[PDB]
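# Results of the structural survey
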Amino acid sequence: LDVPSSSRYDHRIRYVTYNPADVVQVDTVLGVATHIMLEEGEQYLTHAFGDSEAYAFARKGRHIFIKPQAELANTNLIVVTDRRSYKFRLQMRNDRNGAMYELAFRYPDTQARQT
Amino acid sequence: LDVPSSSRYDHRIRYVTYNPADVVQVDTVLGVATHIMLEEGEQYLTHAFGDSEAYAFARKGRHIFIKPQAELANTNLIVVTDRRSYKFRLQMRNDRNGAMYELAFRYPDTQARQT
Amino acid sequence: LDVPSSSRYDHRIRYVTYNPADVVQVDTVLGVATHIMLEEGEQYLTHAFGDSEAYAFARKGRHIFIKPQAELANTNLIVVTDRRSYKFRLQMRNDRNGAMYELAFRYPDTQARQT
Amino acid sequence: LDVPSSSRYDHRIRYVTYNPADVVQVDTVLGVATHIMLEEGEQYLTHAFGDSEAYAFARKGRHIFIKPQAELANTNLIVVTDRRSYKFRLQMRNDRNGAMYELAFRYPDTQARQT
Amino acid sequence: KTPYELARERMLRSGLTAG
Amino acid sequence: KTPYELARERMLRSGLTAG
Amino acid sequence: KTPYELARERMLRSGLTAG
Amino acid sequence: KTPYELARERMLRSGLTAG
Amino acid sequence: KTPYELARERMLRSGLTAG
């Protein structure tokens, strides 16, 4: 489980390094939308929720917004693209603290390919 | 949390310096519309509320007006554009004092790029 | 808060100097229409009330008329144009005295640009 | 408040000198129509009543007729044209005496421009 | 519904220009 | 339904621009 | 139906973008 | 409805030009 | 119908992708 690392300014902006053999722990609180933003030029193919009805998915290019629309919304999201496949573990938080407003990925595989 | 800094003439006109790793604290009182104005030539892609029904969103180019349309309207707004993504923390104020009539951004990243 | 300054002939005709970092206090009494008149050649883009239902807005070019259509009509009006954005604080008066029949702006920024 | 000056023949024909920083006191009695006549070649843009339902407005070119159609019809009329804007204070008279059958303007600004 | 109250409601309802 | 409550509901309901 | 419960249901129901 | 009251209402109702 | 039971039924009913 990748648990994303918060920024130094605000704890609502979190950073995680993409690893193809690991999943990302997303803590979604009630009534906020989480901005998940993919790599530049990455073409989204398909996704799949554990519950299509627990979470709301909106995408515009490489910008993905999710939002819990039901109680006890514990599922997983697997959004697959041309380059890689992202696996998230959406676990709803019960006290509406410690939200995540934006998740941003650091890809070391593309940096290694550049190296 | 960026808490915007008021003007010297009126406390209803507030200024905040854009920081990509931080969110902006917007205090929306009941029955006022807040003018959020983006950078010149910035192309708006998408936005996402915590509640589409708590707040009213109107946009005309780079001019964004929001207005609380429900009780206890505590959400977040993430308006994403071609250049950057803005993350606001809309927190409704209960006593209808200390309104914010206009939020204006100071971008140091474009000034640095010019430098 | 810019509080407009009355004429020497009639107190119903008021003058205010446009300041981009300040709002204008408009005292709207019941059953009168206030003439708000923008600069020559200024192109109106959009506006936004605190309450669309408290006030009535009519515009013909650069001539803007507003009129309270409900009780306790305390809102704000933010009419944005090509050149500048005007922020008014429409506060309804309860005793129907001290009306404002016309608000006229003195722009020192255009005079400075001419200077 | 410009209070128009009556003729020497009949007190129902009144004359007022146009002043851009002052309003005109019009005493409308029940059941008469007041003829308000603008300058020659002046193009009418828009008008605005305090009550659209208290007074009846008819215009044919530069000839403007108004008539009270409701009880306690105390409003204002702001008829704006290409050259100037006229502001009237229509105050209904309760005893149906001292009517005004015609209001005629004397423009000193155009005479000064000719001078 | 005193005449003053009726006038007040009429002032609230009416638009800027009729028709 | 005091007038203040009616005003509060009207503030909630109304949009940014009418029409 | 306390106001907090009504707010919670509204948060559940509403979509990401209205219209 | 005295004739004077009827006349007063007619004065209120009628427009500037008929038809 | 405890909330856990309602969640379990919702998990059963929902498809992989909504719409």
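Residue labels here follow a simple count from 1 along each chain's written sequence instead of the entry's numbering, which may differ, and residues missing coordinates are not shown. Lettering of chains starts at A and numbering of ligands starts at 1, both following the order in which they are written. Readers should keep in mind that the chains presented make up only part of a larger assembly and that every value pertains to that part. Computation of side-chain values covers all heavy atoms of the structure but excludes hydrogens and water.

Under the PDB entry, the name given to chain A is TrwF protein, and the organism recorded is Escherichia coli.

Here we come to the sheet that holds strand β9 (residues 85-92) of chain D. Residues and elements named next belong to chain D. Reading across the sheet, the four strands line up as β3-β9-β8-β5 and stay open at both edges, with mixed pairing between neighbours. Looking along the sheet, the strands with just one partner apiece sit at the ends: β3 (24-28) and β5 (44-46). Strand-to-strand, the axes of this sheet are offset by a mean angle of 35°, without reference to chain direction. Whether two strands pair depends on DSSP finding at least two bridges between them. Numbering of helices and strands starts at the N terminus; helices are DSSP runs of H or I of at least 4 residues and strands are runs of E of at least 2. As paired strands, β3 and β9 are joined by five bridges and run parallel to one another. What sits directly across from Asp27, in β9, is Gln91. Axis definition: a line fit to C-alpha positions, over the contact stretch in the case of helices; interaxial angles, taken between N-to-C directions, run 0 to 180 degrees.

Moving on: the interface of chain F and chain C. The contact definition used throughout considers only heavy atoms, calling two residues in contact when any of these lie within 4.5 Å. At the interface, 11 residues of chain F touch 12 residues of chain C. A 1.4 Å probe defines the accessible area here, and the buried area is the portion of it lost by two parts on being joined, summed over both. The contact between chain F and chain C buries some 930 Å² in all, and 49% of this surface belongs to carbon and sulfur atoms. Ranking the residues of chain F by area buried against chain C places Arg10, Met11 and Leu16 of chain F at the top, with a combined share of 50%. Salt bridge criterion: a side-chain nitrogen from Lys or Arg within 4 Å of a carboxyl oxygen from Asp or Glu. At the boundary of chain F and chain C, one finds two salt bridges. For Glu53 of chain C, the salt bridge identified is with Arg13 of chain F, shortest N-O distance 2.9 Å. Between N or O atoms, a polar contact is any pair within 3.5 Å; within protein, one atom must be a potential hydrogen donor and the other a potential acceptor, and residues adjacent in sequence are included only when both atoms are from side chains. Viewed at the interface, chain C and chain F are joined by nine residue pairs in polar contact. A per-class count over the side of chain F that touches chain C returns six nonpolar, three polar and two charged. When residues are grouped by polarity, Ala, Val, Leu, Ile, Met, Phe, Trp, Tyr, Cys and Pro land in nonpolar, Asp, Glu, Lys and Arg in charged, and all others, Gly among them, in polar.

Moving on, we get to the packing of aromatic side chains. Two rings from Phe, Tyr or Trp (for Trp, the six-membered ring) form a pair when their centres sit within 6.5 Å of each other. Planes less than 30 degrees apart are called stacked, planes more than 60 degrees apart edge-to-face, and all others tilted. Applying the stated criterion across every chain yields a total of 44 aromatic pairs over all chains. Ring centres of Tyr86 of chain C and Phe105 of chain C lie 5.0 Å apart, and the angle between their planes is 45°; this geometry places the pair in the tilted category. A residue pair is termed long-range when its members are at least 10 positions apart, and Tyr86 of chain C in strand β9 (residues 85-92) and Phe105 of chain C in strand β10 (residues 102-106) qualify at 19 residues. Each residue is placed in one exposure class: buried if its accessible area under a 1.4 Å probe, protein chains only, is under 20% of its type's maximum, exposed if it is over 50%, and partly exposed if it falls in between. Under the relative-accessibility criterion, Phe105 of chain C is labelled buried at 11%. Members of the aromatic cluster, connected to one another through ring pairs, are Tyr18, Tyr86, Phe88, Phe105 and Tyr107 of chain A. In this analysis the charged atom, NZ for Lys or CZ for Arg, is taken to sit over a ring once it is within 6 Å of the ring centre and within 35 degrees of the ring normal. Here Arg8 of chain C stacks its cationic end above the ring of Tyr9 of chain C, 4.7 Å away from the centre of that ring.

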